[PDB]
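Chemist: Once you've seen the sequence and the experimental structure below, I've got questions.
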Amino acid sequence: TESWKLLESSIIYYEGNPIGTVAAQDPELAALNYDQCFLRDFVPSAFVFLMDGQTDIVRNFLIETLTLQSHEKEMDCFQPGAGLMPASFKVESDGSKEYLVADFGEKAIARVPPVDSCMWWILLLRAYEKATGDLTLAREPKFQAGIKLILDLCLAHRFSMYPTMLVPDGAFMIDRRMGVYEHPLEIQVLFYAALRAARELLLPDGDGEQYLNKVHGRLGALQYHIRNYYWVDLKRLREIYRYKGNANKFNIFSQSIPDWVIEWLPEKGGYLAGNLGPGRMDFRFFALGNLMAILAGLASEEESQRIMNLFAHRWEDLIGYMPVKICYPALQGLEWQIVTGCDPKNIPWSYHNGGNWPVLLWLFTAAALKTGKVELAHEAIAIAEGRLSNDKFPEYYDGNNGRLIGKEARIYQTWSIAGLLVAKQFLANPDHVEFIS
Amino acid sequence: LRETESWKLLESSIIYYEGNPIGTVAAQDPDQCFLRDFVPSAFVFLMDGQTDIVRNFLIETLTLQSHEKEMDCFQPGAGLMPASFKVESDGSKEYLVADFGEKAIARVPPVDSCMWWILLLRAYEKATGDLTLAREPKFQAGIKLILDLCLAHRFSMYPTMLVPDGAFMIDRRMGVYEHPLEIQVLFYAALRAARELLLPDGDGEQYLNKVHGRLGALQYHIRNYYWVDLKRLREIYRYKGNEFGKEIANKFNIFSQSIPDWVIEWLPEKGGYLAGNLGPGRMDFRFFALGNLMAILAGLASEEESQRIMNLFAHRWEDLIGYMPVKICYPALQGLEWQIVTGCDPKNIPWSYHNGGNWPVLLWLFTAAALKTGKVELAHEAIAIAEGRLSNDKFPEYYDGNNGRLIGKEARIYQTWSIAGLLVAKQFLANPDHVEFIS
Amino acid sequence: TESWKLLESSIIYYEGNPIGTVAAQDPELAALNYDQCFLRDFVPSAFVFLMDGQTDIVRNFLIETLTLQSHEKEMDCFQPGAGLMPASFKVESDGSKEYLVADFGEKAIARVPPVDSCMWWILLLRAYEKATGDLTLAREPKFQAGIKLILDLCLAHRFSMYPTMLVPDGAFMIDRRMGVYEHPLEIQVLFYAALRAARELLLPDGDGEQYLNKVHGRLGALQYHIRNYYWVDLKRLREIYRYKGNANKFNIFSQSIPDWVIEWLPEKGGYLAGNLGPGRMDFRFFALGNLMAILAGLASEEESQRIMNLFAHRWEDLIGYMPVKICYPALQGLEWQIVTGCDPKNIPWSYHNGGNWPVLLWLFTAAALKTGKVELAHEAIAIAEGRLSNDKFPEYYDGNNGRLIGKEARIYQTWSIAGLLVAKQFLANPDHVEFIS
Ligand SMILES: OC[C@H]1O[C@H](O)[C@H](O)[C@@H](O)[C@@H]1O
Ligand SMILES: OC[C@H]1O[C@H](O)[C@H](O)[C@@H](O)[C@@H]1O
Ligand SMILES: OC[C@H]1O[C@H](O)[C@H](O)[C@@H](O)[C@@H]1O
C-alpha cells in the first residue's frame, strides 16, 4: 500500500545497512533538520518494522545511537552528562567514507535539550527485546553501560524535594518554548516508563544491583507524587478551589484556577495536569503524557478509565477533525506572547500550541485498546484515514478542531505515516500493545 | 394584492412631479427619493404593470446626471448619478433638486446609484418589452458617461473598481473602502446589462470592446481571489509571506496569522462565499449579503458557487437570517476595531445599522437567489419570519442585535424599501419567472 | 571619499552605458528586488550626479524608463493605464544580448501600484532640465507623449467630489499596507509637484494647449483642497473638536481626534495631516509629504515656518538619533494588527510604521534651507554623519528615537548614502535646492 512504500522511502541507509527513518519527505520545503532521523520520531517507525518482522533496522538504530552517546558533545567548553542521547542524526559523506553526525542540542534551535530522547531509547530497547526475543543486545557491556549513563543523568541529585525531573522549556516532543519548563507531565511519565523498562534490562551484576535499587526506589516515589499531586477531577478541583493561601503544599491561589477547567471536566472525567511547581499548577491537558500514563500503567485503572471518559465527552476538543490534540486549550492573545516569547510557529491553535498531531493516533489507539474502548480507536482511525492520504500526510493540523492543515507543517511526515500504520496494526492484533506497555 | 396593507403604504409613498409619478419616498415616518431605494419599489410596479413611474424615474434621473455639480472650484465626472433627489417647490413652479454627494453626510459618492440605474433600465426593458427607451441618444449618452467613470484607467493591476469608504448601500465609513465586494458585483452586473443596452453605432463598438475586456478580467479576479471555502482557506493559511515575483501563490501578501479564528469555525464543509474586500496585504473575510446574493442573480458566481452560498445561509441561519432577514454583513466590528474602522461612529455600534444589522429590504434579493438555486424552503422560511414582525413593528428600516431581535436603534418606521422588499419577495414566490428581471 | 565610491559601485550599466543605481549593496542578504533600480530610489542618486556634473546617467535613466513605460504590463488579462511607470527595473542577459525587465506591480509584493514613480519621473525630468540646461530631451515627441500618458492616468475622471487622488494602500514610498489608502498626503503633494513641473515641460502645441489648461485647473483646485482641509494647528483642532456630528464636510466625530495630537502640537506648530476621506482624518504626521509640501510651495510661507517650528519643538520625535522619522506616531498593539494585517515587517516603531529613514535627510535639509533654518540642517546632518558610516549605511532605523538599526534593514542602501551626500551638497550650495523646487 501507499503507506508502506512511503515508509520504505524514508529509510536511511548507512554503510549498506538501514539505521533509521527521515523525519519527512517534503520535496518543496527547505531540508532544515527534517532530513535527519529523530530518536523520538523513529519509535513509531520501529514499531511498524517490529510488527512486520523486519527487525534489522531497529537493532542497527539502537547500536548506532549507542555509539552516538559516546560522541563528543559540547558548547563553549561545557559538556553535558555523558549519557545524553541526541535529538537527531544524519548520514554525511567525506568522499568515500560515510560518517554519522548528531545533534545533541548544540546545533538545535533555541538550544533545547532532547531529554525525552534518552527515555525513548530505553523504551525502544525494551520494546525490541520483547518483540523479537533477542536478549543478546541488552546484555552486552556496551548497552548496560549506556543504560547506566542515562540513569546517572536522570537520578542525579538535584535541588528539589520532589522525585520529579526539572527541565528547561522545550525538553520533550514540544521542542519550542511553551511554558512546559520545570516539571512537565510528559517528561515525568516517560521518565517513569523508562525506569520501569530499566528493571528488565539491567543485569543484576555487582554494579547493577546498586542501580536496580535506585530504580525501584524512584519508581515508587515518582508514582506516588504524580498520582497524588498531578491528578485532576471535580472532586479534586473542589478541594483545590477551597484551599487557603500561604494542606496546600504548592501554594495554589484558587483564583489561579482557570474558568474553562470547571466547565470542561465531565463528572466522570479526569486527567493528569500538565505541570506542577512552586506556586504553579498547569491545568492544560497534555495528550502524550496522559496516554503514556495509561500505557505505562502510571495511572490506575479508574484513572485510566476517567481519562478515556474525558476523550469521549470532549471528543471535538481532543480529537475533532484530526487525532490527536497535542494540548488543550491554546495559549491566546497576550498569554501566547508572554509564555512563548511571541513565537510565530506557535500562534494559537497551531503546532505545539493547540495543534492536532496524527502521530499521536498510535498512542491513542493503544490506550483505547488497553482500557477496552475499541469503538474510540475505530472512530479516531476512521477520522484520520479520511484525510491523511489526500492531504499527503501533514506533520500537524491547526485550529480548535484541526480543520486546517498545519500552518508550517511538512508533508510526508514519517511519524504521521507510521502513526496510522501502527494504529491499524494494534487494532488488528491488540496483544502487540504489550510492547509499549 | 392591491387591497393589502403593504400595497397601500407603497402607493402612498409615490412622489409626483408635474402630475406624473416619478419615484417613491424613503420613509413615511411621522421624504426624498433615493435611487438605490427605488429599485425594489420599481419591481413591484413593473410586475403589477404600472411602468409609467419607472419610465419617468429613469428619464428624470437621467436628466439629473447632466446637471452641473461641483464642490469648491473643482467639478467631478460628468456621468455621476445622485444619491437622492426631491421635489422642492418654487411656489410658482416644481423642479427637482439632487444630492450627488456634495450635500450628503460624509461627502461620499454613490457609486452603486449609477450601477442600479443601468440595471433598472435593463429591468424595465425585460419587463415591458420596450426597447425604444435605452436606444434613445440621451440614454446611450447616459450609459456611456457612467462607463467612462467605471472604466477609468487604474494605476494597479486590479480589474476591480477602486472606491473610497462608504460608497454603496453602506454609505458611512465602515472599512468598505478600496475594493468592496458589493461594488465589484454591481459593476459586473452593470457591465453585463451594458452588453445588451448599448448600440454598436458610432462610438458604441469602442465601448463594447472595453466592456467585454473588463467583464472577463473582473469575473476571473473575483472568482479566483474573493472566493472563500475551507479548501481555499487551507491554501491561504499555508501561504508564505513576502513572496515577490510574477509566478507566486500569495500575490496579495496575506499573513495567515492575520486570518480570524471565527472564519475557520464558521464555514460549513459544503458552504462558501465571496469575501468582503481584497487589496494589497488585505482580505476582508466578513460575509456581505447584498454582494453575495447579487453575485448569484447576475451569474457572477458559478452554479456550484451559488449553491455553496445558500448552504452557508442554511447552516448559519441564526447568524444570517435570525429574527429578521437579512443580516447586512457578519460579523459586527467590535471594541477597538469598531473605533479604528468606523471612527467611533455612534450610528454603527456593534450589531447595529451597517455594522451587523438586519435589513428587511434584502429579503427580495434573498428570495430571488433562493429560487434561482432552487432552495425554495429557505425563501419561504425567510418570508415567514419577516412577515410575522414587520407590519406590527410598522416596517422599520432595519433591526439590531446578533440576531436582529431589536428594532433598529435609529430605524425609520414605514421604510419604503422594507415594505417593497416584502412585496417583491412574495411576488417572486407566486411567480418565480419574475426573477428574470434581475438576472 | 567612502560615499562617492559606494555610490559608483551601485551604478548599473546597460550596453556599456550607466542607466541607474541599485537599491542596496548588502552582500549577506537575499538579493530579492534590492538588486533592482527603483525610480523613487534613483532620485537622490540623480541629484548627486546632477550636482557633480556627470549627467549622462540621469539622461539615460530617463530615456530607458520612458521606453519601459511602453512595455507590456498585465496581470490576468487586465492592463493598467499606459502611462504607468514601473516600481523598478534590472538588467538581464539572454546569452549575449542584454535586456531590461521592469516590475510595474505585477511582480511586486502585495501587488502594490507604484503611483509615486510616474510622479518622480516627471519631477526628475524637470530637475534634469533645470540643472543641465538641456531642453532637448523634454521637447522630443517621445517625452511629450510620455508626460501626457501620465497626465491621462492622473487626471482621469474618478468617482469623487474632490480633486485629490484615490489610491489603494501602499501606493507611495510606503509600499506596504499601512492605512495610507484613499487620499494620503504624499501622493497629493507629489501629484501637485508633478503637475507644476508639467507646466514647463509641456510644449504648447495644439494638443498640448488642451493639457496645460487641465493642469492649471487641477493645480488650483488641488492646492485649495490640501491647504484648507489637510492643514492642522491648535486653532484648527479647537474648531474640529467643537464640530457637530451628522461645517463638517467629512463627518469627523470629535471623539475621533486622538489624545496625543493635542499635547504634541506646540502653539506655533502645524502640519498637513496624513489623510482625508469620508468620516476620516489621519492625524499622523508624514514627513516626506510635509517636507515636499514646503519644497514644492504647496504650503504657504507661514505654514512652512510652522512645520519647521514643529520639527524644532518635537525634534526627538521627528529626528532623534537618526533623521528622519517617516511618520509619527507608530501604530501599536491591536491597532497595528487591524490596520496592517499583522504585517511583521511593520511592527511598532519599525520600517514604515514609525521608523527613521536616512534618505529623508536630503528633503529635510532642502526644506530647512528654503525656510532659513540652517542650524537645523547642520544638526540633522551632524547626527546622521556620526552613525551612518559606522553602521554601514542602513536602509532604516527603528525605535521611538531611532536608536536601533532597522530590524530587517539592508546595509549599503544607496539612497541612504545618496541622501547624506545630497544634503551636504545643498548645504554647500543652497541655490541647487531650486532643482527640486
Ligand atoms: O519531526 C521531527 C521533529 O519535528 C518538530 O521539530 C517537532 O516539534 C519535533 O517533536 C519532532 O521531533
Ligand atoms: O433610505 C435611504 C438611505 O438610508 C440609509 O442612509 C441607508 O444607509 C442607505 O443605504 C439608504 O439608501
Ligand atoms: O529601497 C527600495 C525600496 O525599499 C523598500 O521596499 C521601501 O519600502 C521602498 O520605498 C523602496 O523603494
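Modeler: Happy to help now that I have it. Residues are numbered from 1 along each chain as shown, chains lettered A, B, ... in the order given. Ligands and ions are numbered 1, 2, ... in the order given.

Chemist: Surely residue A:90 forms part of a helix?
Modeler: No: when DSSP: H, G, I helix; E, B strand; the rest coil is applied, residue A:90 is found to be strand, with no helix at that position.

Chemist: Look up the closest residue to it, ignoring the ones flanking it.
Modeler: With sequence-adjacent residues excluded and distances taken as C-beta to C-beta, 6 or more residues apart in numbering or on different chains, residue A:90 is closest to residue A:36, at 4.3 Å. (C-beta placed from N, C-alpha, C; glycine too.)

Chemist: check contacts around the one you found.
Modeler: Residue A:36 makes contact with A:22-23, A:88-90, A:103 under the criterion C-beta atoms under 8 Å, 6 or more residues apart in numbering or on different chains.

Chemist: Turn the residues you listed into a markdown table, including neighbour count and distance to residue C:344.
Modeler: Formatted as a markdown table, these follow (neighbours: other C-beta atoms under 10 Å in any protein chain shown; distance: C-beta to C-beta, whole Å):
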| residue | neighbour count | distance to residue C:344 |
| --- | --- | --- |
| A:22 | 24 | 31 |
| A:23 | 25 | 27 |
| A:88 | 26 | 29 |
| A:89 | 25 | 33 |
| A:90 | 18 | 31 |
| A:103 | 19 | 28 |
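
Chemist: Kindly reformat those as JSON lines containing distance to residue A:61.
Modeler: Supplementary listing: the contacts of residue A:36 in JSON lines, determined by distance: C-beta to C-beta, whole Å:
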{"residue": "A:22", "distance to residue A:61": "13"}
{"residue": "A:23", "distance to residue A:61": "14"}
{"residue": "A:88", "distance to residue A:61": "12"}
{"residue": "A:89", "distance to residue A:61": "10"}
{"residue": "A:90", "distance to residue A:61": "13"}
{"residue": "A:103", "distance to residue A:61": "16"}
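
Chemist: with the residues you listed in mind, which one is nearest to chain B?
Modeler: When the contacts of residue A:36 are compared for distance to chain B (C-beta to the nearest C-beta), residue A:23 comes out closest, at 18.6 Å.

Chemist: Please look at that closest one and residue A:29 and confirm they touch.
Modeler: No: with contact defined as C-beta atoms under 8 Å, residue A:23 does not count as touching residue A:29 (11.5 Å).

Chemist: Quick check: phi and psi at residue A:24.
Modeler: The main-chain torsion angles of residue A:24 are listed as degrees, to the nearest 10 and equal phi -150, psi 160.

Chemist: That one - how many residues pack around it?
Modeler: A count of neighbours around residue A:24, defined by other C-beta atoms under 10 Å in any protein chain shown, yields 26.

Chemist: how about it, what does it touch?
Modeler: Remark: with contacts taken as C-beta under 8 Å, 6+ apart, residue A:24 is in contact with A:34, A:395, A:410-414.

Chemist: Sort out which residues of the helix or strand containing residue A:214 are buried, please.
Modeler: Residue A:214 is part of helix A:206-225, with elements assigned from DSSP states H and E. Of all the residues in helix A:206-225, those buried under the rule 16 or more other C-beta atoms under 10 Å in any protein chain shown are A:208, A:211, A:215, A:218-219, A:222-223, A:225.

Chemist: With stretch A:195-204 instead?
Modeler: Within stretch A:195-204, the residues scored as buried using 16+ other C-beta under 10 Å are A:195-198, A:201-203.

Chemist: Need the contact partners of stretch A:414-432.
Modeler: Contacts for stretch A:414-432 (C-beta under 8 Å, 6+ apart): A:3-4, A:6-7, A:10, A:21-25, A:41, A:43-45, A:47-48, A:51, A:131, A:357-362, A:364-366, A:369, A:374, A:377-378, A:380-381, A:384-385, A:388, A:393-395, A:433.

Chemist: can you map out the helices along the stretch 151-300 of chain A?
Modeler: Under the criterion DSSP state H, counting those that start in this stretch, the stretch 151-300 of chain A contains helices at A:185-201, A:206-225, A:234-241, A:259-264, A:287-295.

Chemist: quick one on the thing from earlier: which among the buried residues of helix A:206-225 gets closest to ligand 2?
Modeler: If you rank these by distance to ligand 2 using C-beta to the nearest ligand atom, residue A:225 comes first, at 65.4 Å.

Chemist: measure that closest one to chain B for me?
Modeler: Remark: distance between residue A:225 and chain B (C-beta to the nearest C-beta, to the nearest Å) = 37 Å.

Chemist: Tell me which residues touch the residue nearest to that residue when sequence neighbours are not counted, please.
Modeler: If the residues on either side of it in the chain are set aside, residue A:225 comes closest to residue A:163, at 5.4 Å by C-beta to C-beta, 6+ apart. Shown here is residue A:163, whose contacts under the criterion C-beta under 8 Å, 6+ apart are A:218, A:221-222, A:225.

Chemist: Pull out the CA atoms of stretch A:64-82 and give them to me as CSV.
Modeler: Once non-C-alpha atoms are left out, stretch A:64-82 reads as follows in CSV (Å, rounded to 0.1, in the frame of the first residue of the first chain):
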residue,chain,number,x,y,z
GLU,A,64,24.3,3.4,16.2
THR,A,65,22.6,5.7,18.7
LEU,A,66,24.5,3.9,21.5
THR,A,67,27.7,4.8,19.6
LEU,A,68,26.5,8.4,19.2
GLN,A,69,26.0,8.5,23.0
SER,A,70,29.8,8.2,23.3
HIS,A,71,30.4,11.0,20.8
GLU,A,72,31.8,14.4,21.8
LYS,A,73,29.1,16.9,22.6
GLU,A,74,29.8,20.5,23.8
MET,A,75,29.1,24.2,23.5
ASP,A,76,31.6,26.9,24.7
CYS,A,77,33.8,24.4,26.7
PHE,A,78,30.9,22.8,28.6
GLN,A,79,30.0,19.2,28.4
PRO,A,80,26.6,17.8,29.4
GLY,A,81,26.2,14.4,31.1
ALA,A,82,27.8,11.6,29.1
